[PDB]
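File shown here: my_file_30.pdb, holding PDB, C-alpha atoms and all ligand atoms.
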```
ATOM      1  CA  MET A   1       0.000   0.000   0.000
ATOM      2  CA  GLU A   2       1.562   3.255   1.232
ATOM      3  CA  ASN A   3       4.041   1.705   3.688
ATOM      4  CA  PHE A   4       5.391  -0.350   0.799
ATOM      5  CA  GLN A   5       7.022   1.044  -2.306
ATOM      6  CA  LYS A   6       6.225  -1.301  -5.182
ATOM      7  CA  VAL A   7       9.409  -2.388  -6.941
ATOM      8  CA  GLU A   8       7.473  -4.180  -9.680
ATOM      9  CA  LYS A   9       4.733  -6.668 -10.501
ATOM     10  CA  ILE A  10       6.020 -10.173  -9.846
ATOM     11  CA  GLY A  11       2.924 -11.494 -11.552
ATOM     12  CA  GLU A  12      -0.722 -12.375 -11.115
ATOM     13  CA  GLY A  13      -1.097 -15.538  -9.063
ATOM     14  CA  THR A  14      -4.104 -17.816  -8.724
ATOM     15  CA  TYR A  15      -5.452 -15.446  -6.055
ATOM     16  CA  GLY A  16      -4.546 -11.911  -7.105
ATOM     17  CA  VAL A  17      -1.739  -9.590  -8.176
ATOM     18  CA  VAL A  18       1.721  -9.992  -6.610
ATOM     19  CA  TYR A  19       4.291  -7.239  -6.233
ATOM     20  CA  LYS A  20       7.897  -7.141  -5.115
ATOM     21  CA  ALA A  21       7.958  -4.346  -2.551
ATOM     22  CA  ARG A  22      10.283  -2.627  -0.086
ATOM     23  CA  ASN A  23       9.250  -1.690   3.450
ATOM     24  CA  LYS A  24      10.064   2.014   3.592
ATOM     25  CA  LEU A  25      10.931   1.746   7.296
ATOM     26  CA  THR A  26      12.578  -1.669   7.684
ATOM     27  CA  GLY A  27      14.081  -1.570   4.217
ATOM     28  CA  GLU A  28      13.106  -5.206   3.847
ATOM     29  CA  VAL A  29      12.223  -6.492   0.374
ATOM     30  CA  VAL A  30       9.127  -8.689   0.300
ATOM     31  CA  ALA A  31       6.471 -10.243  -1.912
ATOM     32  CA  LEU A  32       3.121  -8.522  -1.462
ATOM     33  CA  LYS A  33       0.011 -10.351  -2.578
ATOM     34  CA  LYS A  34      -3.264  -8.485  -3.067
ATOM     35  CA  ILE A  35      -6.005 -11.034  -2.354
ATOM     36  CA  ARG A  36      -9.204 -10.902  -4.413
ATOM     37  CA  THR A  41     -14.091  -9.230  -2.615
ATOM     38  CA  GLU A  42     -16.752  -7.519  -0.475
ATOM     39  CA  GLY A  43     -16.427  -8.868   3.063
ATOM     40  CA  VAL A  44     -13.482 -11.213   3.626
ATOM     41  CA  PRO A  45     -14.630 -14.308   5.587
ATOM     42  CA  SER A  46     -13.636 -13.724   9.204
ATOM     43  CA  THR A  47     -13.088 -17.489   9.193
ATOM     44  CA  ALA A  48     -10.583 -16.953   6.396
ATOM     45  CA  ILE A  49      -8.615 -14.333   8.329
ATOM     46  CA  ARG A  50      -8.291 -16.545  11.419
ATOM     47  CA  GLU A  51      -7.048 -19.465   9.321
ATOM     48  CA  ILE A  52      -4.553 -17.285   7.490
ATOM     49  CA  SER A  53      -3.328 -15.725  10.752
ATOM     50  CA  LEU A  54      -2.612 -19.237  12.077
ATOM     51  CA  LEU A  55      -0.233 -19.762   9.159
ATOM     52  CA  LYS A  56       2.054 -16.977  10.402
ATOM     53  CA  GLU A  57       3.141 -19.441  13.082
ATOM     54  CA  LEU A  58       3.981 -22.139  10.509
ATOM     55  CA  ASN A  59       7.727 -21.481  10.300
ATOM     56  CA  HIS A  60      10.259 -23.831   8.692
ATOM     57  CA  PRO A  61      13.374 -23.316   6.532
ATOM     58  CA  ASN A  62      11.671 -24.872   3.507
ATOM     59  CA  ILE A  63       8.438 -22.932   3.820
ATOM     60  CA  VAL A  64       8.174 -19.383   2.457
ATOM     61  CA  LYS A  65       7.541 -17.321   5.589
ATOM     62  CA  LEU A  66       4.236 -15.472   5.827
ATOM     63  CA  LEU A  67       5.353 -12.220   7.472
ATOM     64  CA  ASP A  68       2.021 -10.422   7.778
ATOM     65  CA  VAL A  69      -1.665 -10.476   6.994
ATOM     66  CA  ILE A  70      -3.277  -7.071   6.468
ATOM     67  CA  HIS A  71      -7.047  -6.707   6.261
ATOM     68  CA  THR A  72      -8.393  -3.340   5.029
ATOM     69  CA  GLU A  73     -11.224  -2.235   2.709
ATOM     70  CA  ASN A  74     -12.423  -5.704   1.626
ATOM     71  CA  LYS A  75      -8.818  -6.085   0.478
ATOM     72  CA  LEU A  76      -6.530  -8.621   2.128
ATOM     73  CA  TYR A  77      -2.768  -8.298   1.697
ATOM     74  CA  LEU A  78      -0.336 -11.093   2.486
ATOM     75  CA  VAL A  79       3.321 -10.192   3.002
ATOM     76  CA  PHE A  80       5.757 -13.016   2.296
ATOM     77  CA  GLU A  81       9.518 -13.447   2.448
ATOM     78  CA  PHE A  82      10.939 -12.805  -1.041
ATOM     79  CA  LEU A  83      12.926 -15.264  -3.181
ATOM     80  CA  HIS A  84      14.265 -14.378  -6.622
ATOM     81  CA  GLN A  85      13.222 -17.337  -8.761
ATOM     82  CA  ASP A  86      10.708 -20.176  -8.984
ATOM     83  CA  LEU A  87      11.403 -23.753 -10.075
ATOM     84  CA  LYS A  88       9.381 -23.456 -13.282
ATOM     85  CA  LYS A  89      11.708 -20.686 -14.454
ATOM     86  CA  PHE A  90      14.780 -22.641 -13.302
ATOM     87  CA  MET A  91      13.648 -25.772 -15.158
ATOM     88  CA  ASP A  92      13.107 -23.858 -18.396
ATOM     89  CA  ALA A  93      16.576 -22.338 -18.012
ATOM     90  CA  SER A  94      18.013 -25.820 -17.428
ATOM     91  CA  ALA A  95      16.098 -27.473 -20.267
ATOM     92  CA  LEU A  96      19.095 -27.947 -22.561
ATOM     93  CA  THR A  97      21.261 -29.916 -20.167
ATOM     94  CA  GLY A  98      18.786 -30.724 -17.407
ATOM     95  CA  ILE A  99      19.041 -30.106 -13.653
ATOM     96  CA  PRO A 100      21.875 -32.322 -12.317
ATOM     97  CA  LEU A 101      20.684 -35.360 -10.309
ATOM     98  CA  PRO A 102      22.409 -34.268  -7.079
ATOM     99  CA  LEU A 103      20.435 -31.002  -7.279
ATOM    100  CA  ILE A 104      17.141 -32.719  -8.148
ATOM    101  CA  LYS A 105      17.722 -34.961  -5.153
ATOM    102  CA  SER A 106      18.587 -32.063  -2.846
ATOM    103  CA  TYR A 107      15.486 -30.170  -3.916
ATOM    104  CA  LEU A 108      13.181 -33.228  -3.518
ATOM    105  CA  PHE A 109      14.646 -33.891  -0.045
ATOM    106  CA  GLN A 110      14.126 -30.286   1.123
ATOM    107  CA  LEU A 111      10.567 -30.207  -0.273
ATOM    108  CA  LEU A 112       9.746 -33.424   1.556
ATOM    109  CA  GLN A 113      11.139 -31.966   4.827
ATOM    110  CA  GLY A 114       8.861 -28.974   4.229
ATOM    111  CA  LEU A 115       5.828 -31.172   3.571
ATOM    112  CA  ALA A 116       6.620 -33.373   6.579
ATOM    113  CA  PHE A 117       6.617 -30.254   8.746
ATOM    114  CA  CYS A 118       3.305 -28.845   7.416
ATOM    115  CA  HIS A 119       1.623 -32.234   7.494
ATOM    116  CA  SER A 120       2.682 -32.887  11.120
ATOM    117  CA  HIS A 121       0.928 -29.579  11.856
ATOM    118  CA  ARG A 122      -2.197 -30.602   9.916
ATOM    119  CA  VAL A 123      -1.657 -28.037   7.171
ATOM    120  CA  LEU A 124      -2.111 -29.060   3.533
ATOM    121  CA  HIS A 125      -0.931 -27.245   0.433
ATOM    122  CA  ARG A 126      -3.438 -28.741  -2.082
ATOM    123  CA  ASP A 127      -2.066 -26.871  -5.094
ATOM    124  CA  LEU A 128       1.664 -27.599  -5.420
ATOM    125  CA  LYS A 129       3.295 -26.770  -8.766
ATOM    126  CA  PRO A 130       6.709 -25.667 -10.023
ATOM    127  CA  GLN A 131       5.737 -22.005  -9.924
ATOM    128  CA  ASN A 132       4.923 -22.412  -6.212
ATOM    129  CA  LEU A 133       8.428 -23.670  -5.388
ATOM    130  CA  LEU A 134      10.937 -20.848  -4.839
ATOM    131  CA  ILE A 135      14.707 -21.127  -4.874
ATOM    132  CA  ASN A 136      17.651 -18.950  -3.836
ATOM    133  CA  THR A 137      21.393 -18.834  -4.502
ATOM    134  CA  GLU A 138      22.170 -20.872  -1.371
ATOM    135  CA  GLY A 139      20.737 -24.037  -2.882
ATOM    136  CA  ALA A 140      17.571 -23.830  -0.794
ATOM    137  CA  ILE A 141      14.076 -24.498  -2.128
ATOM    138  CA  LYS A 142      10.864 -23.440  -0.393
ATOM    139  CA  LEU A 143       7.145 -24.153  -0.594
ATOM    140  CA  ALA A 144       4.981 -21.073  -1.201
ATOM    141  CA  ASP A 145       1.254 -20.647  -0.501
ATOM    142  CA  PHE A 146       0.888 -23.430   2.039
ATOM    143  CA  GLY A 147      -2.579 -23.523   3.592
ATOM    144  CA  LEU A 148      -4.134 -20.834   1.376
ATOM    145  CA  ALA A 149      -6.412 -23.158  -0.613
ATOM    146  CA  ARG A 150      -8.056 -24.315   2.626
ATOM    147  CA  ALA A 151      -8.448 -20.833   4.117
ATOM    148  CA  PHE A 152      -9.992 -19.946   0.748
ATOM    149  CA  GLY A 153     -11.066 -22.429  -1.921
ATOM    150  CA  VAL A 154     -10.424 -24.310  -5.168
ATOM    151  CA  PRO A 155     -10.332 -21.928  -8.204
ATOM    152  CA  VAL A 156     -11.650 -22.494 -11.735
ATOM    153  CA  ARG A 157      -9.019 -20.009 -12.882
ATOM    154  CA  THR A 158      -7.311 -17.470 -10.594
ATOM    155  CA  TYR A 159      -9.443 -14.361 -10.033
ATOM    156  CA  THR A 160      -9.714 -12.997 -13.573
ATOM    157  CA  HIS A 161      -9.823 -15.435 -16.515
ATOM    158  CA  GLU A 162      -6.593 -17.418 -16.058
ATOM    159  CA  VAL A 163      -6.422 -21.167 -16.731
ATOM    160  CA  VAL A 164      -5.418 -22.956 -13.506
ATOM    161  CA  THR A 165      -3.237 -26.001 -14.278
ATOM    162  CA  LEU A 166      -4.464 -29.472 -13.383
ATOM    163  CA  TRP A 167      -1.155 -31.150 -14.197
ATOM    164  CA  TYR A 168      -0.266 -31.825 -10.582
ATOM    165  CA  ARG A 169      -3.708 -32.730  -9.231
ATOM    166  CA  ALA A 170      -4.075 -36.096  -7.413
ATOM    167  CA  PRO A 171      -6.608 -38.547  -8.869
ATOM    168  CA  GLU A 172      -8.803 -38.548  -5.740
ATOM    169  CA  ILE A 173      -9.426 -34.830  -6.308
ATOM    170  CA  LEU A 174     -10.245 -35.394  -9.992
ATOM    171  CA  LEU A 175     -12.670 -38.183  -9.051
ATOM    172  CA  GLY A 176     -14.609 -35.759  -6.864
ATOM    173  CA  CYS A 177     -13.515 -36.756  -3.374
ATOM    174  CA  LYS A 178     -14.569 -33.973  -1.045
ATOM    175  CA  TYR A 179     -12.049 -34.668   1.690
ATOM    176  CA  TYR A 180      -8.417 -34.353   0.578
ATOM    177  CA  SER A 181      -5.586 -35.645   2.727
ATOM    178  CA  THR A 182      -1.880 -34.871   2.979
ATOM    179  CA  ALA A 183      -1.501 -37.530   0.262
ATOM    180  CA  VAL A 184      -2.535 -35.020  -2.416
ATOM    181  CA  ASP A 185       0.678 -33.052  -1.826
ATOM    182  CA  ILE A 186       2.870 -36.149  -2.148
ATOM    183  CA  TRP A 187       1.193 -36.854  -5.520
ATOM    184  CA  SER A 188       1.897 -33.344  -6.803
ATOM    185  CA  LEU A 189       5.519 -33.547  -5.636
ATOM    186  CA  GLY A 190       5.971 -36.873  -7.400
ATOM    187  CA  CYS A 191       4.736 -35.229 -10.628
ATOM    188  CA  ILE A 192       7.224 -32.397 -10.104
ATOM    189  CA  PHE A 193      10.020 -34.863  -9.325
ATOM    190  CA  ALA A 194       9.334 -36.658 -12.624
ATOM    191  CA  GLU A 195       9.253 -33.338 -14.479
ATOM    192  CA  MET A 196      12.681 -32.314 -13.102
ATOM    193  CA  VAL A 197      14.079 -35.641 -14.262
ATOM    194  CA  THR A 198      12.608 -35.883 -17.751
ATOM    195  CA  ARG A 199      12.374 -32.152 -18.476
ATOM    196  CA  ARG A 200       8.754 -32.517 -19.543
ATOM    197  CA  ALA A 201       5.500 -32.400 -17.539
ATOM    198  CA  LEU A 202       4.399 -35.895 -16.536
ATOM    199  CA  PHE A 203       0.628 -35.428 -17.039
ATOM    200  CA  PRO A 204      -0.082 -32.235 -19.006
ATOM    201  CA  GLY A 205      -3.878 -32.445 -19.067
ATOM    202  CA  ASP A 206      -5.799 -29.625 -20.666
ATOM    203  CA  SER A 207      -9.166 -30.440 -19.045
ATOM    204  CA  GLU A 208     -10.238 -32.434 -15.992
ATOM    205  CA  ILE A 209     -11.064 -35.527 -18.005
ATOM    206  CA  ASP A 210      -7.948 -35.279 -20.159
ATOM    207  CA  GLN A 211      -5.938 -34.969 -16.902
ATOM    208  CA  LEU A 212      -7.550 -38.094 -15.528
ATOM    209  CA  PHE A 213      -7.143 -40.069 -18.762
ATOM    210  CA  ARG A 214      -3.492 -39.044 -19.130
ATOM    211  CA  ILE A 215      -2.890 -40.439 -15.611
ATOM    212  CA  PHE A 216      -4.838 -43.637 -16.436
ATOM    213  CA  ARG A 217      -2.963 -44.086 -19.728
ATOM    214  CA  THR A 218       0.351 -44.138 -17.872
ATOM    215  CA  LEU A 219      -0.404 -45.743 -14.501
ATOM    216  CA  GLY A 220      -3.262 -47.939 -15.727
ATOM    217  CA  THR A 221      -7.000 -47.330 -15.178
ATOM    218  CA  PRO A 222      -7.484 -47.908 -11.419
ATOM    219  CA  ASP A 223      -9.760 -50.686 -10.166
ATOM    220  CA  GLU A 224     -10.892 -52.135  -6.851
ATOM    221  CA  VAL A 225      -7.725 -54.273  -6.653
ATOM    222  CA  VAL A 226      -5.213 -51.424  -6.628
ATOM    223  CA  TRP A 227      -7.558 -48.806  -5.153
ATOM    224  CA  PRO A 228     -10.290 -50.162  -2.834
ATOM    225  CA  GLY A 229     -13.348 -47.908  -3.083
ATOM    226  CA  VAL A 230     -12.396 -46.140  -6.309
ATOM    227  CA  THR A 231     -15.498 -47.299  -8.231
ATOM    228  CA  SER A 232     -17.754 -45.625  -5.671
ATOM    229  CA  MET A 233     -16.157 -42.209  -5.902
ATOM    230  CA  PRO A 234     -18.365 -39.227  -6.878
ATOM    231  CA  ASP A 235     -17.145 -38.810 -10.448
ATOM    232  CA  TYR A 236     -16.061 -42.354 -11.240
ATOM    233  CA  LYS A 237     -17.766 -43.784 -14.344
ATOM    234  CA  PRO A 238     -17.889 -47.481 -15.271
ATOM    235  CA  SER A 239     -17.526 -46.205 -18.813
ATOM    236  CA  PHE A 240     -13.917 -45.038 -18.245
ATOM    237  CA  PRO A 241     -11.656 -46.755 -20.786
ATOM    238  CA  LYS A 242      -9.474 -49.530 -19.334
ATOM    239  CA  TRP A 243      -5.801 -48.849 -20.048
ATOM    240  CA  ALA A 244      -2.987 -51.157 -18.907
ATOM    241  CA  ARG A 245      -0.245 -49.784 -16.662
ATOM    242  CA  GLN A 246       2.951 -48.835 -18.503
ATOM    243  CA  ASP A 247       6.416 -49.960 -17.417
ATOM    244  CA  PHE A 248       7.829 -47.386 -15.024
ATOM    245  CA  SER A 249      11.203 -47.569 -16.786
ATOM    246  CA  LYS A 250       9.551 -45.975 -19.826
ATOM    247  CA  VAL A 251       8.042 -43.195 -17.673
ATOM    248  CA  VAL A 252      11.055 -41.416 -16.198
ATOM    249  CA  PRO A 253      14.123 -42.697 -18.065
ATOM    250  CA  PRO A 254      16.992 -42.628 -17.270
ATOM    251  CA  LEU A 255      16.178 -42.366 -13.547
ATOM    252  CA  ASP A 256      17.812 -45.163 -11.530
ATOM    253  CA  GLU A 257      15.880 -47.815  -9.608
ATOM    254  CA  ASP A 258      16.151 -45.966  -6.268
ATOM    255  CA  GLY A 259      14.497 -42.945  -7.877
ATOM    256  CA  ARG A 260      11.899 -44.997  -9.790
ATOM    257  CA  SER A 261      11.028 -46.885  -6.602
ATOM    258  CA  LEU A 262      10.457 -43.660  -4.638
ATOM    259  CA  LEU A 263       8.446 -42.118  -7.468
ATOM    260  CA  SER A 264       6.244 -45.224  -7.704
ATOM    261  CA  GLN A 265       5.398 -44.934  -3.992
ATOM    262  CA  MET A 266       4.620 -41.226  -4.383
ATOM    263  CA  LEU A 267       2.265 -42.022  -7.291
ATOM    264  CA  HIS A 268       0.267 -44.877  -5.726
ATOM    265  CA  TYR A 269      -3.417 -44.500  -6.638
ATOM    266  CA  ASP A 270      -4.757 -45.303  -3.156
ATOM    267  CA  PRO A 271      -4.099 -42.197  -1.005
ATOM    268  CA  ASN A 272      -3.700 -44.609   1.904
ATOM    269  CA  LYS A 273      -0.906 -46.573   0.295
ATOM    270  CA  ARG A 274       0.825 -43.455  -1.042
ATOM    271  CA  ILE A 275       4.070 -42.818   0.857
ATOM    272  CA  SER A 276       4.123 -40.071   3.512
ATOM    273  CA  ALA A 277       6.637 -37.219   3.412
ATOM    274  CA  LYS A 278       8.280 -38.598   6.570
ATOM    275  CA  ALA A 279       8.713 -42.135   5.269
ATOM    276  CA  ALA A 280       9.903 -40.815   1.889
ATOM    277  CA  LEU A 281      12.752 -38.992   3.646
ATOM    278  CA  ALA A 282      14.072 -42.363   4.806
ATOM    279  CA  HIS A 283      13.995 -43.872   1.285
ATOM    280  CA  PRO A 284      17.340 -45.322   0.015
ATOM    281  CA  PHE A 285      17.238 -42.752  -2.817
ATOM    282  CA  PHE A 286      18.401 -40.106  -0.293
ATOM    283  CA  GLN A 287      21.317 -42.206   0.963
ATOM    284  CA  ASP A 288      23.869 -39.986  -0.807
ATOM    285  CA  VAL A 289      21.906 -36.727  -0.678
ATOM    286  CA  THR A 290      23.913 -33.484  -0.575
ATOM    287  CA  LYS A 291      23.267 -29.751  -0.963
ATOM    288  CA  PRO A 292      24.702 -28.442  -4.280
ATOM    289  CA  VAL A 293      24.621 -24.743  -5.160
ATOM    290  CA  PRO A 294      22.622 -23.993  -8.311
ATOM    291  CA  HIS A 295      23.813 -21.605 -10.990
ATOM    292  CA  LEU A 296      21.171 -18.883 -11.031
ATOM    293  CA  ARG A 297      21.291 -15.873 -13.301
ATOM    294  CA  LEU A 298      19.189 -13.158 -11.667
TER     295      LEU A 298
HETATM  296  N1  LIG A 301       7.463 -14.829  -2.385
HETATM  297  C1  LIG A 301       7.977 -14.599  -3.634
HETATM  298  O1  LIG A 301       9.248 -14.157  -3.687
HETATM  299  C2  LIG A 301       7.249 -14.824  -4.811
HETATM  300  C3  LIG A 301       5.796 -14.748  -4.752
HETATM  301  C4  LIG A 301       4.944 -14.996  -5.892
HETATM  302  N2  LIG A 301       3.594 -14.919  -5.790
HETATM  303  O2  LIG A 301       2.986 -14.611  -4.627
HETATM  304  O3  LIG A 301       2.869 -15.127  -6.748
HETATM  305  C5  LIG A 301       5.582 -15.329  -7.132
HETATM  306  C6  LIG A 301       6.993 -15.417  -7.241
HETATM  307  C7  LIG A 301       7.878 -15.177  -6.106
HETATM  308  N3  LIG A 301       9.210 -15.281  -6.212
HETATM  309  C8  LIG A 301       9.990 -15.637  -7.419
HETATM  310  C9  LIG A 301      10.318 -14.449  -8.319
HETATM  311  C10 LIG A 301      10.274 -13.100  -7.856
HETATM  312  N4  LIG A 301      10.583 -12.084  -8.735
HETATM  313  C11 LIG A 301      10.937 -12.316 -10.050
HETATM  314  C12 LIG A 301      10.985 -13.645 -10.520
HETATM  315  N5  LIG A 301      10.676 -14.672  -9.646
END
```
Would you encode the structure as structure tokens?
Amino acid sequence: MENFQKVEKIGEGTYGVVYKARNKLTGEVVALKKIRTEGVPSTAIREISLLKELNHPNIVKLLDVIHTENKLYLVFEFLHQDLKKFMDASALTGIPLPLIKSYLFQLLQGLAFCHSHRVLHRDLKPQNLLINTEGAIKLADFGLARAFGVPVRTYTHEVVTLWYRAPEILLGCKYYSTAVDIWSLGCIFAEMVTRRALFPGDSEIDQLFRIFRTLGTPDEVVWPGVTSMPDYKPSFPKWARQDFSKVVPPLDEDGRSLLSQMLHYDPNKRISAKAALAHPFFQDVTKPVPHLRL
């Protein structure tokens, strides 16, 4: 607002416009998000305010929540680049495996923390993962979807991606669990490895069928209860599961094994962030410094 001098528009998120701004008094540089209408659910403000206590090194810190004139501003710690941008910039040679592994490991520590505190992200995607020059990666917008809701776009005609959405969400399950975040992270993990989105659906049904075409159409054997879900249709085509080795080549067996557990259809069989941290894939994990051009 007036306490903050806008440095520039960082973009227009799935909620509202985001600016890079400097606190005229503290000199701190932050990310200011103008939340989209006419009242601001008091329930929403309490939820959001709880998130200010959710502090972890791999979680973008929510510094302040400012409610004024039906407008809600969220002040976040600022990071210079997101993983989507970094992946595009690394498309020619790919992100080195030690760095992919470091990033996956840090993201899982972040999820483990939020999940132990009963906070869900629900909308993880590369653009929501921020990185810095120190080799750190952080989860942005944790808990906002719950304090608010699931968008059809953003706030003003903007196609929200479904590429990282768990199948239980696509099948209409009303109660999501921490498992939805593990699914999204597995999709991101695969994308870092192959340099191409795993399931780039362009509609809810195309998203679902792209998943089915790769992991096989789910049935009662692999996913007890699936045929009774809200949007499940007996008319869904029946595709056979594809060999995992064809999915994320040339990822090694440790990596393929972890990814397979992160992409289990049954949310109850899907690996937790905590258990994933103990997976043999992280046996030689390290913290490399990325080459970022800011
Ligand atoms: N907290 C942030 O720093 C940040 C916030 C949003 N957002 O709320 O939509 C988007 C990108 C961000 N950083 C990455 C970034 C910042 N400036 C230029 C390029 N990338």
Q: Kindly work out which residues sit at most 12 Å from ligand LIG 301 (chain A), using only C-alpha atoms and all ligand atoms, and give the list as a ChimeraX atom specification.
A: /A:7-21,29-35,63-67,77-90,129-136,141-146,148,158,296-298
Next on the checklist: I need the residue nearest residue A:192 from this list: A:156, A:219, A:76, A:91. Use all atoms listed in the file for the distance.
Outcome noted: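 Smallest distance to residue A:192 is found for A:91.
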Correct to one decimal, the distance atom CA of residue A:184-atom CA of residue A:170 is 5.3 Å
Discussion item. I'd like to know which of A:50, A:278, A:105, A:268 is closest to residue A:151, using all atoms listed in the file.
Written reply: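 Smallest separation from residue A:151 among the options: A:50.
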- Care to translate the PyMOL selection byres (((chain A and resi 166) around 12) and not hetatm) into actual residues of this file, as a PyMOL selection string? chain A and resi 126-129+154-157+163-165+167-171+173-174+188+191+201-212+214-215
Written selection (C-alpha atoms) as an mmCIF file, in the frame of the given file:
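And here's result.cif as it stands now:
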```cif
data_model
loop_
_atom_site.group_PDB
_atom_site.id
_atom_site.type_symbol
_atom_site.label_atom_id
_atom_site.label_comp_id
_atom_site.auth_asym_id
_atom_site.auth_seq_id
_atom_site.Cartn_x
_atom_site.Cartn_y
_atom_site.Cartn_z
ATOM 1 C CA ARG A 126 -3.438 -28.741 -2.082
ATOM 2 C CA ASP A 127 -2.066 -26.871 -5.094
ATOM 3 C CA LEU A 128 1.664 -27.599 -5.420
ATOM 4 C CA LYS A 129 3.295 -26.770 -8.766
ATOM 5 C CA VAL A 154 -10.424 -24.310 -5.168
ATOM 6 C CA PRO A 155 -10.332 -21.928 -8.204
ATOM 7 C CA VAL A 156 -11.650 -22.494 -11.735
ATOM 8 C CA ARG A 157 -9.019 -20.009 -12.882
ATOM 9 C CA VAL A 163 -6.422 -21.167 -16.731
ATOM 10 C CA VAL A 164 -5.418 -22.956 -13.506
ATOM 11 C CA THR A 165 -3.237 -26.001 -14.278
ATOM 12 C CA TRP A 167 -1.155 -31.150 -14.197
ATOM 13 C CA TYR A 168 -0.266 -31.825 -10.582
ATOM 14 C CA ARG A 169 -3.708 -32.730 -9.231
ATOM 15 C CA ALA A 170 -4.075 -36.096 -7.413
ATOM 16 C CA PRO A 171 -6.608 -38.547 -8.869
ATOM 17 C CA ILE A 173 -9.426 -34.830 -6.308
ATOM 18 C CA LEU A 174 -10.245 -35.394 -9.992
ATOM 19 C CA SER A 188 1.897 -33.344 -6.803
ATOM 20 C CA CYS A 191 4.736 -35.229 -10.628
ATOM 21 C CA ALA A 201 5.500 -32.400 -17.539
ATOM 22 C CA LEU A 202 4.399 -35.895 -16.536
ATOM 23 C CA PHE A 203 0.628 -35.428 -17.039
ATOM 24 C CA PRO A 204 -0.082 -32.235 -19.006
ATOM 25 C CA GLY A 205 -3.878 -32.445 -19.067
ATOM 26 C CA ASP A 206 -5.799 -29.625 -20.666
ATOM 27 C CA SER A 207 -9.166 -30.440 -19.045
ATOM 28 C CA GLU A 208 -10.238 -32.434 -15.992
ATOM 29 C CA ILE A 209 -11.064 -35.527 -18.005
ATOM 30 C CA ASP A 210 -7.948 -35.279 -20.159
ATOM 31 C CA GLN A 211 -5.938 -34.969 -16.902
ATOM 32 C CA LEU A 212 -7.550 -38.094 -15.528
ATOM 33 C CA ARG A 214 -3.492 -39.044 -19.130
ATOM 34 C CA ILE A 215 -2.890 -40.439 -15.611
#
```
**OP:** Quick one: pull the distance between atom CA of residue A:162 and atom CA of residue A:52, Å, one decimal.
**Re:**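 Interatomic distance, atom CA of residue A:162 to atom CA of residue A:52: 23.6 Å.
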Rounded to one decimal in Å, what is the spacing between atom CA of residue A:57 and atom CA of residue A:113?
->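 We find that atom CA of residue A:57 and atom CA of residue A:113 lie 17.0 Å from each other.
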Can you pull out the residues contacting residue A:248? Cut-off 10 Å, using only C-alpha atoms, and skip same-chain residues under 6 positions away; I want them as a PyMOL selection string. chain A and resi 218-219+255+257+260-261+263-264
Written as a list in words, which residues does the PyMOL selection byres (((chain A and resi 272-277) around 9) and not hetatm) give for the file shown? residues 111, 112, 113, 114, 115, 116, 117, 119, 182, 183, 185, 186, 187, 227, 262, 264, 265, 266, 267, 268, 269, 270, 271, 278, 279, 280 and 281 of chain A
As a PyMOL selection string, please: the residues near stretch 236-247 of chain A (cut-off 7 Å, only C-alpha atoms, same-chain neighbours under 5 positions excluded).
chain A and resi 175+216-221+231
What would the file look like if the residues just selected were written as a CSV table (one decimal), in the frame of the given file with C-alpha atoms?
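As written to disk, again_27.csv reads:
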```csv
chain,number,residue,atom,x,y,z
A,175,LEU,CA,-12.7,-38.2,-9.1
A,216,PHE,CA,-4.8,-43.6,-16.4
A,217,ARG,CA,-3.0,-44.1,-19.7
A,218,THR,CA,0.4,-44.1,-17.9
A,219,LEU,CA,-0.4,-45.7,-14.5
A,220,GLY,CA,-3.3,-47.9,-15.7
A,221,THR,CA,-7.0,-47.3,-15.2
A,231,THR,CA,-15.5,-47.3,-8.2
```
**Item:** Distance criterion (all atoms listed in the file): nearest to residue A:42 out of A:259, A:26, A:74, A:161
**Value:**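 Using all atoms listed in the file, the shortest distance to residue A:42 belongs to A:74.
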- Query: Out of A:232, A:59, A:5, A:160, which residue has the shortest atom-to-atom distance to residue A:121 when counting all atoms listed in the file?
  - Reply: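 Going through A:232, A:59, A:5, A:160 one by one, the smallest distance to residue A:121 is for A:59.
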- Item | Nearest-residue call for residue A:1, choices A:149, A:70, A:233, A:99, using all atoms listed in the file |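 Result for the nearest residue to residue A:1: A:70.
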For the point (7.1, -39.4, -17.9) in file coordinates, what residues are within 7 Å, counting all atoms listed in the file? Give the answer as an MDAnalysis selection string?
chainID A and resid 194 198 202 251:252
Could you give me, as JSON lines, every stretch 31-152 of chain A residue with an atom at most 9 Å from stretch 291-295 of chain A, plus its closest atom pair and distance in Å to one decimal, counting only C-alpha atoms, rows ordered by chain then number?
```
{"residue": "A:99", "atom": "CA", "partner": "A:294", "partner_atom": "CA", "distance": 8.9}
{"residue": "A:102", "atom": "CA", "partner": "A:292", "partner_atom": "CA", "distance": 6.9}
{"residue": "A:103", "atom": "CA", "partner": "A:292", "partner_atom": "CA", "distance": 5.8}
{"residue": "A:105", "atom": "CA", "partner": "A:291", "partner_atom": "CA", "distance": 8.7}
{"residue": "A:106", "atom": "CA", "partner": "A:291", "partner_atom": "CA", "distance": 5.5}
{"residue": "A:107", "atom": "CA", "partner": "A:291", "partner_atom": "CA", "distance": 8.3}
{"residue": "A:136", "atom": "CA", "partner": "A:294", "partner_atom": "CA", "distance": 8.4}
{"residue": "A:137", "atom": "CA", "partner": "A:294", "partner_atom": "CA", "distance": 6.5}
{"residue": "A:138", "atom": "CA", "partner": "A:293", "partner_atom": "CA", "distance": 5.9}
{"residue": "A:139", "atom": "CA", "partner": "A:293", "partner_atom": "CA", "distance": 4.6}
{"residue": "A:140", "atom": "CA", "partner": "A:291", "partner_atom": "CA", "distance": 8.2}
```
Next item on the list: Using the chain letters and numbers from the file, give me the residues hit by the PyMOL selection byres (((chain A and resi 2) around 12) and not hetatm), as a list in words.
Entry: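 Against this file, the PyMOL selection byres (((chain A and resi 2) around 12) and not hetatm) returns the residues residues 1, 3, 4, 5, 6, 21, 22, 23, 24 and 25 of chain A.
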